[PDB]
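Coordinates in review
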Amino acid sequence: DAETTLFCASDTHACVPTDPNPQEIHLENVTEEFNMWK
Amino acid sequence: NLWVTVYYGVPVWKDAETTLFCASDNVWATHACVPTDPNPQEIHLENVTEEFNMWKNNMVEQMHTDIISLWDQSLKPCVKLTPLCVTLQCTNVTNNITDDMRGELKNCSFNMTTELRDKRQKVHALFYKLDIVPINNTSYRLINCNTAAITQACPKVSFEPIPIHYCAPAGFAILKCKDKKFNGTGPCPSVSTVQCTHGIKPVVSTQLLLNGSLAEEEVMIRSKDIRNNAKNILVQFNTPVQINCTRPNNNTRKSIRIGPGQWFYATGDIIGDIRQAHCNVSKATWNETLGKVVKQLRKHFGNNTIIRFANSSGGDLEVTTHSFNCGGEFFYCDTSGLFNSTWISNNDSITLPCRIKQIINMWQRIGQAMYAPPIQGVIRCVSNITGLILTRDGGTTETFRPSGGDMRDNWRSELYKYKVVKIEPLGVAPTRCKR
Amino acid sequence: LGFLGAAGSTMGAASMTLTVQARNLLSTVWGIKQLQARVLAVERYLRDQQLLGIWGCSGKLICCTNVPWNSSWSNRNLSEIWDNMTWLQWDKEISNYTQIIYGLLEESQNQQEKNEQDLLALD
Amino acid sequence: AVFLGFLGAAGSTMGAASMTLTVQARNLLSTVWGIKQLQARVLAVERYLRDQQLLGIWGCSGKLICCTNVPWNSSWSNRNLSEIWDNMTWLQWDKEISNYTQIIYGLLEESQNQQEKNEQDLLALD
Amino acid sequence: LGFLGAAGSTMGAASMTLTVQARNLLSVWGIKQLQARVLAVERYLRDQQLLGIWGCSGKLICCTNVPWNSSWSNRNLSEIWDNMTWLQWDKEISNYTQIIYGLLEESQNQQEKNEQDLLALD
Amino acid sequence: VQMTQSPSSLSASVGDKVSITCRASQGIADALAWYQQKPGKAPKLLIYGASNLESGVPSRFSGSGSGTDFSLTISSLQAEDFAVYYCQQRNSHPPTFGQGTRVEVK
Amino acid sequence: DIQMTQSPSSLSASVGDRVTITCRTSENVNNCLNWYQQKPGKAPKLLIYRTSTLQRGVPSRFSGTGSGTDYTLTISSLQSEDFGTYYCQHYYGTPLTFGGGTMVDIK
Amino acid sequence: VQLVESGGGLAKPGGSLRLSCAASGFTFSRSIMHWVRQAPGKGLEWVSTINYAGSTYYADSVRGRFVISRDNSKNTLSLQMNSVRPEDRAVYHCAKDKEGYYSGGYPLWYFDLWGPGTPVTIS
Amino acid sequence: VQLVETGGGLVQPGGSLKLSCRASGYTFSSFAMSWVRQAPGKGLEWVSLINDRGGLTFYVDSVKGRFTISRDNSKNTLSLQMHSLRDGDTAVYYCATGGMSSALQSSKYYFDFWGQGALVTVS
Amino acid sequence: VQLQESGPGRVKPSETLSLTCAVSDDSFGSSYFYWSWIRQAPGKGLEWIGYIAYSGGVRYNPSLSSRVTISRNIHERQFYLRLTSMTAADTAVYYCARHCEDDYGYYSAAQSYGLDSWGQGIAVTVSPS
Ligand SMILES: *[C@@H]1O[C@H](CO)[C@@H](O[C@@H]2O[C@H](CO)[C@@H](O[C@@H]3O[C@H](CO)[C@@H](O)[C@H](O[C@H]4O[C@H](CO)[C@@H](O)[C@H](O)[C@@H]4O)[C@@H]3O)[C@H](O)[C@H]2NC(C)=O)[C@H](O)[C@H]1NC(C)=O
Ligand SMILES: *[C@@H]1O[C@H](CO)[C@@H](O[C@@H]2O[C@H](CO)[C@@H](O)[C@H](O)[C@H]2NC(C)=O)[C@H](O)[C@H]1NC(C)=O
Ligand SMILES: *[C@@H]1O[C@H](CO)[C@@H](O)[C@H](O)[C@H]1NC(C)=O
Ligand SMILES: *[C@@H]1O[C@H](CO)[C@@H](O)[C@H](O)[C@H]1NC(C)=O
Ligand SMILES: *[C@@H]1O[C@H](CO)[C@@H](O)[C@H](O)[C@H]1NC(C)=O
Ligand SMILES: *[C@@H]1O[C@H](CO)[C@@H](O)[C@H](O)[C@H]1NC(C)=O
Ligand SMILES: *[C@@H]1O[C@H](CO)[C@@H](O)[C@H](O)[C@H]1NC(C)=O
Ligand SMILES: *[C@@H]1O[C@H](CO)[C@@H](O)[C@H](O)[C@H]1NC(C)=O
Ligand SMILES: *[C@@H]1O[C@H](CO)[C@@H](O)[C@H](O)[C@H]1NC(C)=O
Ligand SMILES: *[C@@H]1O[C@H](CO)[C@@H](O)[C@H](O)[C@H]1NC(C)=O
Ligand SMILES: *[C@@H]1O[C@H](CO)[C@@H](O)[C@H](O)[C@H]1NC(C)=O
Ligand SMILES: *[C@@H]1O[C@H](CO)[C@@H](O)[C@H](O)[C@H]1NC(C)=O
Ligand SMILES: *[C@@H]1O[C@H](CO)[C@@H](O)[C@H](O)[C@H]1NC(C)=O
Ligand SMILES: *[C@@H]1O[C@H](CO)[C@@H](O)[C@H](O)[C@H]1NC(C)=O
Ligand SMILES: *[C@@H]1O[C@H](CO)[C@@H](O)[C@H](O)[C@H]1NC(C)=O
Ligand SMILES: *[C@@H]1O[C@H](CO)[C@@H](O)[C@H](O)[C@H]1NC(C)=O
Ligand SMILES: *[C@@H]1O[C@H](CO)[C@@H](O)[C@H](O)[C@H]1NC(C)=O
Ligand SMILES: *[C@@H]1O[C@H](CO)[C@@H](O)[C@H](O)[C@H]1NC(C)=O
Ligand SMILES: *[C@@H]1O[C@H](CO)[C@@H](O)[C@H](O)[C@H]1NC(C)=O
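Regarding how it was determined, this PDB entry cites cryo-EM in its header, along with a resolution of 2.85 Å.

See below:
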């Protein structure tokens, strides 16, 4: 787990143009703990 | 039985658009630039033919953007003239004025806040008629006083062009076309690699290209599409035509306080008689230069076509006249004495009257204007006319007129020989070498 | 010949000047642009070094591989590549196949090869 | 695409996931608004170089799989090869060995490459 | 012991702390740190590029095939490794550093790699 | 991602130009393929990548679309093209298929 | 001045019909042709800003092509609103000119 | 280049079935193989896949019940369907993935080659 | 192509000779060179091989510690220095061209030019 | 976007027609745009009168260039047409229009080469009364 500055993709000028790739890689057999409040 | 071999450092590149920086040996902030290389390395590329396109050169748009950004950062900390947008009571100046200058200067008085913010005081200044617009009667207002933010330029920041070298990031290279007959597009069989471009002075002018580089062999006629009369023609001279411009008025300057720590720089008064600003060119040199331009024009439009020069058809003052910055003083010279000739297929000087104005709108933007502070004394500039921006009427005789306005052409006229490429040092090729 | 001087040379002759180009890959207004130029130069240099690492070519300018040349990528003989062609022409010729070759260099060597060396060094 | 397959082996066993080392390697490198982007780009560069420097110090430069001369201590993990390579993933392994990672790195520097290079300096000497 | 602790030590003793110095080369108030970080990275990469083009990538101690020229320094090994520090050596041969680097580039990569390129066939 | 394919009951003559379309519930860039299934037969892959045609498939078939909006165009619907066509996304796991368009002969 | 002959000068069509309109220039305009639809009483609305590139907001039923001096506008399936006068206009130099105009009426 | 399914048939609501699939014209050692099923009222549904390295992926609806396996020496793919339920009625097709850019064995899920399919009925 | 040996031909056992060979009619630096020896009553024997640049030298085991092959590409001269000559070294020595090629050239595993072999007697 | 013609709908013979076109979207101060005046006589097609470029230069129809003056005020976001010596032949609907020539992709969004924005137009009739 880490905290880092994220950048923005879009398709303002503070963001990155050209949109992100929708593609996702499925992590088979990976169980990951999430916490939406943290 | 060949194998893939990886080679790193191959002399391969592709066209690229990247961030270029400044080197130098002020408005253009040349103090922020890296020092230049005292022994520049221009490397000739034998047997390398590259395709160039001066009209699709992304260095021109990058330079234009940088020039505007430098202009604004140099004006941002300077005094705003919002408090000056008051009614002016202007009368005509008559003291030692010749016929050519009658009505050009007005003695305008107004109510300005004094050094304290409570009390007001009456002050006066001289203004050029191009900066003064009637309100409705002797009551006048500054031109575009209520529709734009007029910023006073700092008198301590020079407007003199200083050559700016554009340098490419490591991993990129600038290729230069050494073909003396290159017309701006197509293959260039003689190409060299340069880290950076020669020093390009950010000279801002219209109609005539002042200072800068000269053609190596013959006058060059360069246009995106010579058969399209809506495009500009850039004419590059082999030899310069010298132009001597003056503001023959021993001007004084007054400092009118606007607020704590800041002054409005007013035109004061004029010592001695008042005469009109003007520019001289040699008549014989100009006629010879046009003869050369016509000889080159009669290569595209036919050998038996009459070539005619005429003045600008109209539009903005910055375009109809030859606009330029002479020591920080902005001149608008009437060039109808230069483009007034018919060339048939078969010592003296030319004086161009000039007008002066202090409130200008560079880059043709909405809501922004700059006030050029007065410069005391008498102004004299000697410049090299190195080229022209011409348009053709189009619609047996081809009439050519001066044009301008779009400053990208002035930079394009210098950046026409350069392109930016990116280096791709990692390549693969078959060899008999196996791991 | 200096930087890119061999660009018009044949691939063979140009392959002996690789260090000449390699040395030139690393080295408000005008301040920001300078920093961006420096960061971009570093990122592109490292992207190429990362690929050399993945292929098992780290620290080398000429790296031999275990990936055979496929005649569909180019059917030219060596005398028509190294002796009678420049690297710019070759790059023009090998464009559609660059990602295939890179994927093969990544898979067929320094991945399978390192597992094989891991097993060979076991005994 | 370079992103394709990234971390696909994360839930796979350590052995199977060791066959994808180039997939997770090739995706590691690539106004205040502008400053924030430059910091993110510089950080990606700094982290890449720190890991490559560690590989250099250990004598593993340019390698995805690198064999060493540091014996494995049973105090770090007493699992056998089947338990580690066939019945465990790299995330589980990292959780188990993170307490000993700095010890192992210290040995990789102190117990081998500093001695190996000084000995290689003397074998090429004769 | 520690970063630059061997700076006053002899070249021989100081050669044992190469990782101590090497590991400290990579690691208002906002732009100064970004420039400091970029500068540290560019200097690191220029030195790594030099090691690469000399065939010394990934090494702190790298043996070469460039003979030592007595015109660069005519000292014997005892007076360099046992009776001298690296600061003194650096001062003594700074005038010849670029000559050595040129030779390293020419014989430790350009010639050696083509020879290896040919030995991989025969 | 759910894929909706339409029309489900297309009919045309042996000489007509036809277009079969589908919609993704989420944008999928170009991560889409089209398949052809003859009754009693294995489906055949026609198009991958939305716009790319497979070797062995004639230029008669063409794909288009991006994001959420995709289509398959047949310039001339020959007798061998009357089959159930399927829209399939591979942008996110699990793979999903549309309900299929059954092209009929009038 | 570049002259343009536009044909047909008047066309009657019903809803659902295919409509083709052709412009013939006197000189090559290098694909610098724009097509407009002018309804009576309104300023012409731009349909196509290149020979083939459609203006944003214009239904996909309109298309066009051409080169040299031969350019066409095609309405793939005429709708009840696609009536009025259609014009071709070149921006290849100056003066900018318009064709005579083809009125599309209701059959 | 064909895939031929066998096995299948009828099974009880809590029984088991084995499916087989034989490969003919391709190299059954570098291919990623997938079972996909078509239920009469649902359409094609992906069931499971096994890559060339022996790693398997399952759909959420079948994970924990189905086992996908390959035997390269017989060019055979098989599926052990345990605890089959009424919702498992479908024609089961084996499929081969289009080979693309090296992904470390991660499937693309573009089904380059399909078999006729074998019916499975649960009752 | 013309190849001419200019070396000596009579040495005492234990002595040393140097055989030079001049070449013309081709680019000397583009070809590998070999020395091949033929005893007066025997067939041909390969003795040594030098590449086109001169950095790589190879020898037959029977001479590996005694002979040195070298080439000067500026003077178009090949030479073989033979120390501690044995009675078994009496032979005609041909400064044949070929025997190997660079990785950027076609494989020249043959001797394509021969000429005027020097006769060396050890006695 | 919004181009608004304003001015007299009446000119007497031999007087000058003066029309203003106001631009609402700040594109008047942007590069590669051309601000045109075009007239359409009743029963006729359309006649281009002239334009003023983003650069400040102008171009006129050769048949009208001796009478047409085109000018602009950037700050007020307006351009003007002053057509002298009006006669009966000049009766027409006078429209202002805008087009772009972004030949090399200056803008991040594509601009139209045609007249993608028109005003409503002023019908100008020449008559002594
Ligand atoms: C094209 O090139 C010509 C060739 O030089 C160039 O002409 C030069 O312009 C400069 C800038 O105005 C002139 O220098 C000035 O000369 C006057 C007269 O002595 C001085 O009073 C000026 O000094 C004042 O301004 C300085 C600004 O930095 C202050 O530092 C100083 O304290 C004074 O306040 C200034 O030195 C120069 O004389 C001319 N040279 C000639 C031969 O005419 C021209 O400007 C170029 N044009 C463009 C558009 O680039
Ligand atoms: C996800 O987990 C499954 C279950 O353990 C892994 O597959 C099993 O183990 C090996 C392959 O790893 C095979 O021999 C078994 O037959 C598999 N059984 C089942 C029921 O799947 C699978 O490899 C893992 N997949 C990934 C991508 O990590
Ligand atoms: C302008 O008017 C002011 C009035 O205060 C006067 O003092 C000044 O001399 C005048 N200057 C000129 C040049 O007319
Ligand atoms: C004008 O051009 C001449 C060319 O000989 C050059 O010497 C001179 O310096 C130039 N002057 C200016 C002001 O650019
Ligand atoms: C330059 O000259 C070539 C000659 O073939 C011509 O094709 C090209 O259009 C010209 N380019 C210009 C005038 O920009
Ligand atoms: C221009 O020429 C005229 C000739 O009468 C001369 O009086 C004047 O001083 C000249 N001015 C300049 C600036 O050259
Ligand atoms: C400009 O002035 C210089 C002296 O400063 C003079 O030598 C030259 O002849 C003048 N040129 C023109 C065109 O008036
Ligand atoms: C151009 O010259 C004519 C005289 O021929 C004059 O009436 C017109 O105002 C001039 N225009 C400019 C912009 O100087
Ligand atoms: C143009 O030249 C003519 C002579 O050919 C002259 O009478 C006229 O005054 C000139 N006009 C200008 C504006 O210089
Ligand atoms: C202007 O006039 C003042 C009067 O005091 C004089 O001292 C100065 O030299 C003059 N300057 C010029 C440039 O004529
Ligand atoms: C250019 O070609 C000539 C032969 O046409 C060749 O001699 C020369 O070396 C080549 N230039 C380079 C830089 O290789
Ligand atoms: C290489 O192939 C070309 C093309 O056929 C041929 O002309 C040339 O002779 C070949 N060279 C060699 C060395 O095989
Ligand atoms: C890649 O393929 C295209 C056709 O799809 C072809 O035009 C191009 O030349 C190819 N690239 C090469 C040969 O580098
Ligand atoms: C293993 O580690 C323990 C402490 O965790 C230490 O006491 C022991 O000496 C180590 N043994 C070996 C063989 O490294
Ligand atoms: C490894 O340890 C496990 C205990 O979890 C044991 O079941 C297995 O047999 C052991 N395998 C080997 C090879 O030692
Ligand atoms: C690591 O050490 C911490 C204490 O620092 C301990 O709580 C934890 O259980 C340890 N984990 C492992 C895997 O040894
Ligand atoms: C400092 O010098 C003394 C005297 O030679 C020596 O004993 C000692 O080891 C040196 N220490 C360092 C760190 O160089
Ligand atoms: C050593 O350097 C000198 C000049 O400093 C040079 O003349 C000499 O040839 C060199 N000798 C060797 C063996 O490198
Ligand atoms: C090296 O030279 C020095 C002269 O300063 C001498 O004292 C020393 O003994 C020499 N070392 C050896 C190992 O000969």
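Side note on the environment of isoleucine 80 of chain E
All names here are of chain E. Of note, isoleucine 80 is situated in helix α4 (residues 78-82). Looking at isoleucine 80, the relative accessible area reads 8%, which means it is buried. Apart from residues lying up to four places away in sequence, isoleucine 80 is in contact with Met11, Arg75 and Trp89.

A look at the state of the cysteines
All names here are of chain B. Evaluation of the coordinates by the stated rule reveals 19 disulfides over all chains. The disulfide bridge from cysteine 333 ends at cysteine 354, spanning 2.0 Å between sulfur atoms. The S-S bond linking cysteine 333 to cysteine 354 shows a torsion near 105 degrees; that makes this disulfide right-handed. For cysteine 354, a relative accessible area of 2% puts it in the buried group.

A short note on the site of ligand 13
All names here are of chain C. In the vicinity of ligand 13, the contacting residues are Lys92, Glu93, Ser95 and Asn96. In the environment of ligand 13, an oxygen atom lies 3.1 Å from a nitrogen or oxygen atom belonging to the backbone of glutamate 93. Of the residues that constitute the shell around ligand 13, the class distribution is no nonpolar, two polar and two charged.

A closer look at a nonpolar patch on the surface
Side chains of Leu81, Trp85 and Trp90 of chain D sit close together on the surface and give an oily, nonpolar patch of about 320 Å² of accessible area. By the secondary structure assignment, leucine 81 of chain D is in helix α3 (residues 81-86).

Observations concerning helix α2 (residues 32-57) of chain D
All names here are of chain D. The end-to-end C-alpha distance of α2, which contains 26 residues, comes to 36 Å, matching closely the 38 Å that a straight helix rising 1.5 Å per residue would cover. Regarding α2, the residues found buried are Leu38, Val42, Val45, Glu46, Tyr48, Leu49, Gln53, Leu55, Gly56 and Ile57. After α2 finishes, the residue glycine 59 shows a positive phi value of roughly 80 degrees.

Some thoughts on the packing of α2 of chain D against helix α3 (residues 31-53) of chain E
One can describe the packing of α2 of chain D onto α3 of chain E by two numbers: an axis separation of 11 Å at closest approach and a directional angle of 35 degrees. The two elements α2 of chain D and α3 of chain E meet at a crossing, and its hand is left-handed. Contacts between α2 of chain D and α3 of chain E involve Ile35, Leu38, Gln39, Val42, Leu43, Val45, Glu46, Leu49 and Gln53 of chain D from the first element and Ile31, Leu34, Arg37, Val38, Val41, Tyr44 and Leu45 of chain E from the second. Considered class by class, the residues forming the contact of α2 of chain D with α3 of chain E number twelve nonpolar, two polar and two charged.

Brief notes about the interface of chain C and chain B
Many structure descriptions define interface size as the accessible area lost when the parts assemble. Taken together, the contact between chain C and chain B spans 58 residues of the former and 54 residues of the latter. In total, chain C and chain B occlude about 5,000 Å² of area from one another, counting both sides; carbon and sulfur atoms represent 67% of this. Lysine 33 of chain C is the partner of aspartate 66 of chain B in a salt bridge, and the nearest nitrogen-oxygen pair spans 2.6 Å. Remark: the boundary between chain C and chain B carries 19 residue pairs in polar contact. For the side of chain C that touches chain B, the elements supplying multiple residues, two or more each, are α1 (11-14), α2 (18-22), α3 (32-54), β1 (62-68), α4 (87-93) and α5 (98-108) of chain C. Examining the composition of the side of chain C that touches chain B, we find that twelve residues originate from one element, α3 of chain C, more than from any other. Class assignment of the residues belonging to the side of chain C that touches chain B gives a composition of 37 nonpolar, 15 polar and six charged.

Some words on unusual backbone geometry
A cis geometry characterises the amide bond from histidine 93 of chain F onward to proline 94 of chain F, with omega recorded as 0 degrees. Along the chain, the position of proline 94 of chain F falls in the loop between β9 (84-89) and β10 (96-97). Geometrically, the link from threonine 94 of chain G to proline 95 of chain G is a cis peptide bond, its omega value of 0 degrees lying close to zero. Despite not being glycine, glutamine 116 of chain I shows a phi value in the positive range, around 55 degrees. Counting through the fold element by element, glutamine 116 of chain I comes out in the loop between β11 (111-113) and β12 (118-122).

Notes on the pairing of strand β11 (residues 118-122) of chain H
Both faces of the sheet carry side chains from a regular strand, because those side chains alternate between them. All names here are of chain H. Here β11 shows a buried face lined by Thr118, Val120 and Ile122 and an unburied face lined by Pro119 and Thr121. By the bridge criterion, three bridges tie strand β2 (residues 9-11) to β11 in an arrangement that is parallel. What sits directly across from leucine 10, in β11, is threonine 121. When strand β9 (residues 90-97) meets β11, the two strands line up antiparallel, connected through three bridges. Within the sheet, the bridge partner assigned to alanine 90 lies in β11 and is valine 120.

Some details on α5 of chain C
For an α-helix, the turn length of 3.6 residues means that residues three or four places apart are oriented alike. Taken residue by residue, α5 of chain C has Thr98, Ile101, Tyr102, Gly103, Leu105, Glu106 and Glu107 of chain C as its buried positions. Lining the buried residues of α5 of chain C we find β1 (3-8) and β34 (426-431) of chain B together with α3, β1 and α6 (112-120) of chain C. Trailing α5 of chain C by a residue or two, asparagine 110 of chain C shows a phi angle of about 65 degrees, which is positive.

The rules we used
- Residues numbered from 1 in each chain as written, not as in the entry; some residues may be left out.
- Chains lettered and ligands numbered in written order.
- Part of a larger assembly, values for the part shown.
- Heavy atoms only, no water.
- Helix = DSSP H or I, 4+ residues; strand = E, 2+ residues; numbered from the N terminus.
- Buried < 20%, exposed > 50% of the residue type's maximum accessible area, 1.4 Å probe, protein only.
- Contact = heavy atoms within 4.5 Å.
- Disulfide = S-S within 2.5 Å.
- Near = heavy atom within 4 Å.
- Polar contact = N/O pair within 3.5 Å; in protein donor to acceptor, adjacent residues only side chain to side chain.
- Nonpolar A, V, L, I, M, F, W, Y, C, P; charged D, E, K, R; others polar.
- Patch = residues over 30% accessible without salt bridge, like charges linked within 9 Å, V, L, I, M, F, W, Y side chains within 5 Å.
- Areas by Shrake-Rupley, 256 points an atom, 1.4 Å probe, with all protein chains shown as cover.
- Salt bridge = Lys/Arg side-chain N within 4 Å of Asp/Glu carboxyl O.
- Expected span 1.5 Å × (residues − 1).
- Axes fitted to C-alpha atoms, helices over the stretch in contact; angles between N-to-C directions.
- Left-handed = near helix turned anticlockwise from the far one by under 90°.
- Buried area = accessible area lost by both parts, 1.4 Å probe.
- Pairing = 2+ DSSP bridges.

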